[PDB]
Amino acid sequence: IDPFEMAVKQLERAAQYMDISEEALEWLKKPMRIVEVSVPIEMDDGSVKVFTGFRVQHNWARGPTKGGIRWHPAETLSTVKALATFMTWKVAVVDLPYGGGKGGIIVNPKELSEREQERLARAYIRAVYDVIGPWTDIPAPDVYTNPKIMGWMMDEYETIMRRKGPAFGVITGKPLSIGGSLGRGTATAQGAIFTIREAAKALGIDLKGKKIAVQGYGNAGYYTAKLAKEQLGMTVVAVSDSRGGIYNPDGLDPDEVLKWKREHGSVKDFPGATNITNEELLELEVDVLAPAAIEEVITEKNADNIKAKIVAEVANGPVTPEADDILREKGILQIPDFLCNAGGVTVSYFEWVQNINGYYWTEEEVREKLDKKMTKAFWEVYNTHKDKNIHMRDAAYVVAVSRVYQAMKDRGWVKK
Ligand SMILES: NC(=O)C1=CN([C@@H]2O[C@H](COP(=O)(O)OP(=O)(O)OC[C@H]3O[C@@H](n4cnc5c(N)ncnc54)[C@H](OP(=O)(O)O)[C@@H]3O)[C@@H](O)[C@H]2O)C=CC1
Ligand SMILES: O=C(O)CCC(=O)C(=O)O
Ligand SMILES: [N+]
């Protein structure tokens with residue numbers, strides 16, 4: 001279905017668990033500002049190629065909009081709008097002074113050289129300059145988009161701004177040399193681990209030796225497994241990748257699994273471990289299930305097969321609403337995706353704060369601030385879920401949309 005219509009339907013489904021005026025719902029149903037520009041670059045051969053770029057600012061009631069830029073050949077305006085709407089609730093759920101934004105360029109970066117990529121990054125900034133800024137709209141890395149491109153775009157923005165204000169704060173995810181932040185690489189996994197700790201505390205169970213079956217071995221998944229093993233007292237018993245997955249009741253070492261995967265191209269066939277399908281790992285007797293590879297790994301046809309006490313949605317939407325309602329019945333505690341993986345945007349906010357203050361924090365301060373933020377956000381969502389007797393995803397929507405509504409009413413944008 002159309003991603004934007006799906007996001008609007010999700011917001012409308014959330015709207016009936018809270019008292020929100022019709023005018024506010026109609027306001028939140030459409031992005032406040034959408035910018036579509038031509039992005040011309042000189043290719044290596046010498047020809048000029050024009051690309052289509054997007055920058056959607058859904059809502060800036062709570063502050064400047066935040067959201068990454070994805071370089072994908074299948075990128076559409078509808079997807080960018082849906083993701084900007086999602087970023088609004090994402091930043092609202094962790095109580096950030098941010099709004100929701102999103103950008104994108106319809107391009108295949110694989111067919112682009114380094115110089116062509118830098119030209120594209122600089123031309124995108126030269127085109128969307130008038131609607132971005134450290135207090136207006138702060139982009140970030142996304143799919144096929146990395147700190148190198150952030151450094152290039154930051155440099156272009158500083159050249160246009162003539163170093164008048166803090167140009168480091170215009171974009172996040174930059175390298176450490178130019179206004180980068182420590183703790184950025186493990187932000188999503190660290191936040192997910194904090195939320196898993198809070199969820200286990202809510203369930204009133206001890207984590208000394210409990211099984212965890214991480215699904216996926218990306219930047220999310222590998223670090224999620226490593227931190228679950230490291231400072232959580234847990235026991236990694238199953239990890240998986242696109243090619244396959246492994247299982248060991250005795251225990252597992254995430255680092256030895258990662259180096260084997262890097263030296264062979266996949267985790268599959270880890271010595272001393274039984275190779276199992278990703279489906280078999282999804283339905284495995286564990287306490288924490290943490291999908292961090294791809295969305296929609298849990299469906300109605302297999303939702304009943306999950307026995308995990310906690311399902312930590314590190315991936316961006318791995319559970320469907322049908323499976324959501326099915327899994328709520330069994331008593332399985334669910335952590336919504338835009339609450340579980342909010343550590344990335346929280347550390348991006350920390351980077352922006354350090355940039356605007358001109359003062360940079362150590363790893364320990366970043367970790368502690370993120371710990372407090374994630375703990376507060378999870379407890380706010382869970383108390384709403386228990387008080388209203390609703391699904392954790394619905395409670396997170398109620399919290400985020402309520403925050404944005406309150407900001408909109410206080411600005412006077414809407415009356416009722
Ligand atoms: N970690 C982060 O910084 C962030 C995490 N997320 C979400 O986390 C998810 C993963 O991101 P991240 O791990 O960082 O990066 P990647 O998506 O690059 O890594 C995910 C890995 O999971 C494996 N995988 C891919 N598809 C499947 C599949 N169908 N079944 C099983 N395993 C699969 C692959 O391992 P391989 O191909 O090598 O076998 C892949 O490299 C995404 O949905 C993302 O939106 C959210 C925000 C940021
Ligand atoms: O980190 C950010 O500010 C936004 C990146 C993004 O799109 C996300 O985390 O979903
Ligand atoms: N994030």
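Worth knowing before you read on, the calculation uses all heavy atoms, side chains too, and leaves out hydrogens, waters and symmetry mates. Counting starts at 1 for both ligands and their atoms, following the listed order. By convention here, the first residue in the shown sequence is residue 1.
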Next item on the list: For atom 18 (O) of ligand 1, decide whether some protein heavy-atom distance is shorter than 4.0 Å.
Entry: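 Flag for atom 18 (O) of ligand 1 set to false, no protein heavy atom closer than 4.0 Å.
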Item checked: atom 2 (C) of ligand 1 touched by protein (heavy atom, under 4.0 Å) ->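 Protein heavy atoms within 4.0 Å of atom 2 (C) of ligand 1 - there is at least one.
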Do me a favour and list the nearest non-hydrogen protein atom to [atom] with residue, atom name and distance?
atom	value
atom 35 (O) of ligand 1	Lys261 NZ, 3.7 Å
atom 44 (C) of ligand 1	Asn316 N, 4.4 Å
atom 16 (P) of ligand 1	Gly218 CA, 4.4 Å
atom 7 (C) of ligand 1	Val314 O, 3.7 Å
atom 15 (O) of ligand 1	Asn219 N, 3.9 Å
atom 30 (N) of ligand 1	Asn278 OD1, 3.8 Å

Next item on the list: Compare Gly245, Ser242, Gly265 and give the one whose heavy atom is closest to atom 39 (O) of ligand 1.
Entry: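 Closest candidate by heavy-atom distance is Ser242.
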Notebook entry, point to check: Of the listed options (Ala293, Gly191, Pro291), which comes nearest to atom 23 (C) of ligand 1 when hydrogens are ignored and any heavy atom counts?
Noted result: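 Result: the heavy atom closest to atom 23 (C) of ligand 1 is in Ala293.
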Next item on the list: Evaluate the salt bridge (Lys or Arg N to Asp or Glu O under 4.0 Å) criterion for residues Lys9 and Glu5: first the C-alpha distance (whole Å), next the side-chain angles of each, then the deciding distance (0.1 Å), finally the verdict.
Entry: CA-CA 6 Å; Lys9 265 181 183 53; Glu5 310 299 81; 6.0 Å; no
Next item on the list: Take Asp325 and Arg393 through the test salt bridge (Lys or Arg N to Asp or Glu O under 4.0 Å) and record every step on the way to the result.
Entry: CA-CA 10 Å; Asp325 302 322; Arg393 169 161 286 109; over 6 Å; no
Can an N or O of [X] be found at a distance shorter than 3.5 Å from an N or O of ligand 1?
X	value
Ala220	yes
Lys90	no
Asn341	no

Classify the contact between [X] and ligand 1 as side chain, backbone, both or neither, using a heavy-atom distance cut-off of under 4.0 Å.
X	answer
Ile294	side chain
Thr188	side chain
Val267	neither
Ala292	backbone

Notebook entry, point to check: Mind checking what makes side-chain contact (heavy atoms from CB on, under 4.5 Å) contact with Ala213, not counting sequence neighbours?
Noted result: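 Scan of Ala213 (side-chain contact (heavy atoms from CB on, under 4.5 Å), adjacent residues dropped) gives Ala238, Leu281, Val286, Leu289.
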Notebook entry, point to check: Excluding sequence neighbours, so at least two apart, what forms side-chain contact (heavy atoms from CB on, under 4.5 Å) with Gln406?
Noted result: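 Applying side-chain contact (heavy atoms from CB on, under 4.5 Å) to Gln406 gives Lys409, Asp410.
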Check: Taking atom types as modelled and ignoring hydrogens, do the side chains of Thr172 and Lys66 form a donor-acceptor contact shorter than 3.5 angstrom?
Finding: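 Looking only at side-chain atoms, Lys66 and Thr172 do form a donor-acceptor pair, the distance falling under 3.5 Å.
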Check: In terms of side-chain heavy atoms, does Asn341 have a donor or acceptor partner in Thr188 at a distance below 3.5 Å?
Finding: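 The answer is no; no qualifying pair exists.
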Next item on the list: Quick one: pull up OH in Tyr217 and NZ in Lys261 and give me the separation to the nearest 0.5 Å.
Entry: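 Interatomic distance, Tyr217 OH to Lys261 NZ, rounded to 0.5 Å: 9.0 Å.
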Next item on the list: Hey, could you give me the CD/CG distance between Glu295 and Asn316, rounded to the nearest 0.5 Å?
Entry: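 CG of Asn316 is found 7.5 Å from CD of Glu295.
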Show me a pair-per-line table, with atom names and distances to 0.1 Å, of protein N or O atoms that are under 3.5 Å from an N or O of ligand 2.
unit_1: ligand 2; atom_1: 1 (O); unit_2: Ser348; atom_2: OG; d: 3.2
unit_1: ligand 2; atom_1: 3 (O); unit_2: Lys66; atom_2: NZ; d: 2.8
unit_1: ligand 2; atom_1: 7 (O); unit_2: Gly68; atom_2: N; d: 3.4
unit_1: ligand 2; atom_1: 7 (O); unit_2: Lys102; atom_2: NZ; d: 2.6
unit_1: ligand 2; atom_1: 7 (O); unit_2: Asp142; atom_2: OD1; d: 3.3
unit_1: ligand 2; atom_1: 10 (O); unit_2: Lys90; atom_2: NZ; d: 3.3

Check: What residues, two or more places apart in sequence or in another chain, satisfy ring pair (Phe, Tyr, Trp, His ring centres under 6.0 Å) together with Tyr98?
Finding: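 Once residues adjacent in sequence are excluded, the partners of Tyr98 under the ring pair (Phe, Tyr, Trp, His ring centres under 6.0 Å) criterion are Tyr349, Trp352.
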Notebook entry, point to check: Would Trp361 and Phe350 count as a close aromatic pair, with their ring centres under 6.0 Å?
Noted result: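 Ring centroids of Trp361 and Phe350 are less than 6.0 Å from each other.
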Any donor-acceptor pair under 3.5 Å from [X] side chain to [Y] backbone:
X	Y	result
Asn59	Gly99	no
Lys301	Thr299	no
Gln190	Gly183	no

Next item on the list: Please test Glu351 against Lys174 for salt bridge (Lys or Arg N to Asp or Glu O under 4.0 Å), starting from the C-alpha separation and ending with a verdict.
Entry: CA-CA 9 Å; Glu351 179 185 326; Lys174 318 187 284 311; 2.7 Å; yes
